[PDB]
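Novice: Right, I'll just put the structure down here and ask away after.
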Amino acid sequence: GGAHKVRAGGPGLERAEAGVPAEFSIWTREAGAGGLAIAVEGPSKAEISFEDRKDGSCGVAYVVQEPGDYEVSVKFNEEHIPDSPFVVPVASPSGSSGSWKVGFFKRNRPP
């Protein structure tokens, strides 16, 4: 348990543009130590990066190449946090078949 206490928010959980970094944060202070999993699923393979803010928050950014609908999931100890998975329409800025899912897993350790 503990996923219930985690929150995430940011523009990258609402809308994104192909090739533009889509950003959000995850707040894990009340949840404490446990395993955090962050994944992006959609028609292209995401590149995802993380910044451990050392204050019980995490900065996430992902970039996808192809427009379409993507799901961003955030799980804590293998359970979806509130509002996860987030469905995000990715627009063209102003195709190979199948779908991809790229996930990153790391132990959250409060400082």
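Each chain in the structure tokens gets a letter, A, B, ..., in the order shown, and its residues are numbered from 1; ligands are numbered from 1 in order too.
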Quick one: everything within 12 Å of region 100-105 of chain A, counting only C-alpha atoms, minus sequence neighbours fewer than 5 positions away in the same chain. Send it as a PDB file with C-alpha atoms, in the first residue's frame.

Specialist:
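Below is the file result.pdb, written as the result:
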ATOM      1  CA  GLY A  34       8.668   1.848  -1.876  1.00  0.00           C
ATOM      2  CA  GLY A  35       8.991   1.129  -5.665  1.00  0.00           C
ATOM      3  CA  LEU A  36       7.956   3.757  -8.146  1.00  0.00           C
ATOM      4  CA  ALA A  37       7.203   2.796 -11.785  1.00  0.00           C
ATOM      5  CA  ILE A  38       6.667   5.379 -14.498  1.00  0.00           C
ATOM      6  CA  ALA A  39       5.650   4.241 -18.033  1.00  0.00           C
ATOM      7  CA  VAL A  40       4.490   5.690 -21.317  1.00  0.00           C
ATOM      8  CA  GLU A  41       2.541   3.568 -23.795  1.00  0.00           C
ATOM      9  CA  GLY A  42       1.524   4.614 -27.328  1.00  0.00           C
ATOM     10  CA  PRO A  43       2.231   4.368 -30.978  1.00  0.00           C
ATOM     11  CA  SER A  44       5.889   5.280 -30.667  1.00  0.00           C
ATOM     12  CA  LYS A  45       8.588   4.487 -28.191  1.00  0.00           C
ATOM     13  CA  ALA A  46       8.985   7.263 -25.534  1.00  0.00           C
ATOM     14  CA  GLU A  47      12.240   8.644 -24.179  1.00  0.00           C
ATOM     15  CA  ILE A  48      11.771   9.358 -20.515  1.00  0.00           C
ATOM     16  CA  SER A  49      14.003  11.206 -18.004  1.00  0.00           C
ATOM     17  CA  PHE A  50      13.854  11.865 -14.302  1.00  0.00           C
ATOM     18  CA  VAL A  60       9.588  13.605 -15.149  1.00  0.00           C
ATOM     19  CA  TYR A  62       9.114  12.354 -21.845  1.00  0.00           C
ATOM     20  CA  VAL A  63       9.385  12.833 -25.595  1.00  0.00           C
ATOM     21  CA  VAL A  64       7.490  10.839 -28.225  1.00  0.00           C
ATOM     22  CA  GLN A  65       8.086  11.048 -32.015  1.00  0.00           C
ATOM     23  CA  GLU A  66       4.591  10.221 -33.407  1.00  0.00           C
ATOM     24  CA  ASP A  69      -2.965   8.947 -27.873  1.00  0.00           C
ATOM     25  CA  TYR A  70      -0.539   7.814 -25.138  1.00  0.00           C
ATOM     26  CA  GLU A  71      -1.081   6.528 -21.618  1.00  0.00           C
ATOM     27  CA  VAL A  72       1.238   7.698 -18.850  1.00  0.00           C
ATOM     28  CA  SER A  73       1.112   5.426 -15.841  1.00  0.00           C
ATOM     29  CA  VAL A  74       2.536   6.041 -12.369  1.00  0.00           C
ATOM     30  CA  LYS A  75       2.518   3.168  -9.905  1.00  0.00           C
ATOM     31  CA  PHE A  76       3.780   2.851  -6.385  1.00  0.00           C
ATOM     32  CA  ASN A  77       4.412  -0.685  -5.147  1.00  0.00           C
ATOM     33  CA  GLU A  78       2.739  -2.004  -8.334  1.00  0.00           C
TER      34      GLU A  78
END

Novice: Considering only C-alpha atoms, return as JSON, numbers by chain whatever protein or nucleic-acid residues lie within 9 Å of residue 23 (chain A), sequence-local ones (same chain, fewer than 4 positions apart) excluded.

Specialist: {"A": [9, 10, 11, 12, 13, 16, 59, 60, 61, 62]}

Novice: Generate a file of the selected residues that holds C-alpha atoms, formatted as an mmCIF file, in the first residue's frame.

Specialist:
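So the final result, stored in result_21.cif, reads:
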data_model
loop_
_atom_site.group_PDB
_atom_site.id
_atom_site.type_symbol
_atom_site.label_atom_id
_atom_site.label_comp_id
_atom_site.auth_asym_id
_atom_site.auth_seq_id
_atom_site.Cartn_x
_atom_site.Cartn_y
_atom_site.Cartn_z
ATOM 1 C CA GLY A 9 0.551 16.692 -11.901
ATOM 2 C CA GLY A 10 1.829 18.736 -14.800
ATOM 3 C CA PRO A 11 1.160 19.715 -18.450
ATOM 4 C CA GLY A 12 2.590 16.431 -19.709
ATOM 5 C CA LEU A 13 -0.254 14.639 -18.098
ATOM 6 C CA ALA A 16 1.756 17.066 -25.447
ATOM 7 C CA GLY A 59 10.531 15.772 -12.059
ATOM 8 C CA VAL A 60 9.588 13.605 -15.149
ATOM 9 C CA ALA A 61 9.885 14.541 -18.812
ATOM 10 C CA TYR A 62 9.114 12.354 -21.845
#

Novice: If we count only C-alpha atoms and set the cut-off at 7 Å, which residues sit around residue 90 (chain A), ignoring sequence neighbours fewer than 6 positions away in its own chain? Please answer as a ChimeraX atom specification.

Specialist: /A:15-18,67-69

Novice: Write a file of the selected residues as an mmCIF file, in the first residue's frame, keeping N, CA, C and O atoms.

Specialist:
data_model
loop_
_atom_site.group_PDB
_atom_site.id
_atom_site.type_symbol
_atom_site.label_atom_id
_atom_site.label_comp_id
_atom_site.auth_asym_id
_atom_site.auth_seq_id
_atom_site.Cartn_x
_atom_site.Cartn_y
_atom_site.Cartn_z
ATOM 1 N N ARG A 15 -1.606 17.285 -22.100
ATOM 2 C CA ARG A 15 -1.504 17.324 -23.569
ATOM 3 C C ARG A 15 -0.059 17.430 -23.893
ATOM 4 O O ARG A 15 0.701 17.983 -23.123
ATOM 5 N N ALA A 16 0.318 16.955 -25.052
ATOM 6 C CA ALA A 16 1.756 17.066 -25.447
ATOM 7 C C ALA A 16 1.824 17.277 -26.938
ATOM 8 O O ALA A 16 0.789 17.192 -27.637
ATOM 9 N N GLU A 17 3.036 17.554 -27.449
ATOM 10 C CA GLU A 17 3.291 17.739 -28.888
ATOM 11 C C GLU A 17 4.427 16.800 -29.263
ATOM 12 O O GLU A 17 5.348 16.675 -28.490
ATOM 13 N N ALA A 18 4.337 16.134 -30.426
ATOM 14 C CA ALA A 18 5.387 15.227 -30.905
ATOM 15 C C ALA A 18 6.745 15.952 -30.877
ATOM 16 O O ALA A 18 6.868 17.089 -31.391
ATOM 17 N N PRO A 67 2.527 11.527 -33.385
ATOM 18 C CA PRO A 67 1.267 11.950 -32.744
ATOM 19 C C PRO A 67 0.328 10.760 -32.512
ATOM 20 O O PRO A 67 0.451 9.733 -33.206
ATOM 21 N N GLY A 68 -0.593 10.903 -31.565
ATOM 22 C CA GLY A 68 -1.603 9.870 -31.244
ATOM 23 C C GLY A 68 -1.927 9.933 -29.756
ATOM 24 O O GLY A 68 -1.495 10.827 -29.035
ATOM 25 N N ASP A 69 -2.660 8.972 -29.278
ATOM 26 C CA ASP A 69 -2.965 8.947 -27.873
ATOM 27 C C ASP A 69 -1.985 8.039 -27.094
ATOM 28 O O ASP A 69 -1.767 6.886 -27.473
#
